[PDB]
Every structure is written in structure tokens, then in C-alpha cells.
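First, one chain by itself: the form deposited in one PDB entry, in C-alpha cells.
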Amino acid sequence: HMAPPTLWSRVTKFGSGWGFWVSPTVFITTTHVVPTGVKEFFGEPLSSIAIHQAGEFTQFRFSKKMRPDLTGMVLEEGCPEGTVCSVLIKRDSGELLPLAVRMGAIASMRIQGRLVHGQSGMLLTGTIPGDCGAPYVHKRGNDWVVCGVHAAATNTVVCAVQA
């Protein structure tokens, strides 16, 4: 399965990493890349954004359609163990680096001292600082599903997943 241009267009530079437009109003990212002490995101006041964060997973729901060109996709809490996902990595240069990953267990993990509710996976035939927030996706029938955001790596990578 090959990620089409529209799907890549959802991957958005954000803070010290990236985030992903799940739908016209819903944006997900990894908590530690989110700018702190700001009063707005994407030009919208914080008061107009419903924000939920836990275990390195951050979700924003805007009041205004921010990406009205997009269809809504399904966001799941991780994926079945053994699913081969693609991590849609954009680099600052603009290069697209889709990485195939075989996913393992959803678990509470501690990474550099902080609790991450996430899912591990093994890179198939790496990730670097700056890549956090990139989405983990897989195609199920007609639709692409997003199931985590990149959070950490050792061969093994971890995405944060929604609880």
C-alpha cells in the first residue's frame, strides 16, 4: 500500500516535530513537540480548541474547519499486533520517507523517564530527532486508518497512542 499525496498533505510541521490532520477539525501530535505557553494554534485562539492530552498523545479539535479539503479518517488506539504500518516521515528538506514497521504490543512504557502509552514496532528493510509526531498509518479496505504518532526509538520505534 502506497500513501497518496492527500495523505502526505495531512502531515504538518508543528513545534519541534510534526502533527497530522485526521479530519478538517482534528489534529493529532506527540505531546513533547507541542509549543508551550502559547495562546493560539494555527491562528485560532486556544479558547476555540478542545485539547486532550495523555501519555504523550495530544489531540486538538478546532471549532473552525482548518482543512476543509480533507475527508475524516478513522483514528484508532493503536493497531492489531502484527499489522504492518507506514510511518509517514517528512524531513525539513521536504523529502518523504515512508518507513514500513511491523507493530508489536500496546503497552505502558517508560522512555527517558516519562510514561508513554504507546505501541512498539520493528522497522522493516531510521527515525531521527525532529521526526516526532509523524503518523503511523495502515490501509484497511477502502480507508486509511491512523493509529499513533511517532514518539521514540532505540530497529525498534514507539508511537504514542490514544487511550
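All residue numbers are counted from 1 along the displayed sequence. Just so we're on the same page, rigid core means the largest C-alpha set that superposes within 1.5 Å between forms.
Coordinates for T125 are absent from at least a third of the other compared entries of this protein that model residues on both sides of it. Unmodelled deposited residues between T154 and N155: 1 to 3, per the record. Once the C-alpha B-factors are averaged per stretch, 23-31 and 40-48 rank with 40-48 first. Here 112-120 and 58-66 are compared by their mean Cα B-factor, and 112-120 comes out higher.
In the PDB entry, the Cα temperature factor peaks, among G126, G94, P98, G130, at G126. Among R140, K13, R10, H150, the highest C-alpha B-factor in the deposited entry belongs to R140. In the PDB entry, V158 places in the middle third of its chain by CA B-factor.
Just so it is clear, the following notes concern the form deposited in another entry, a form of the same protein that is not shown.
Core-based superposition between the shown form and the other one shows that, of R114, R67, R61, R102, only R114 has its Cα displaced by 2 Å or more.
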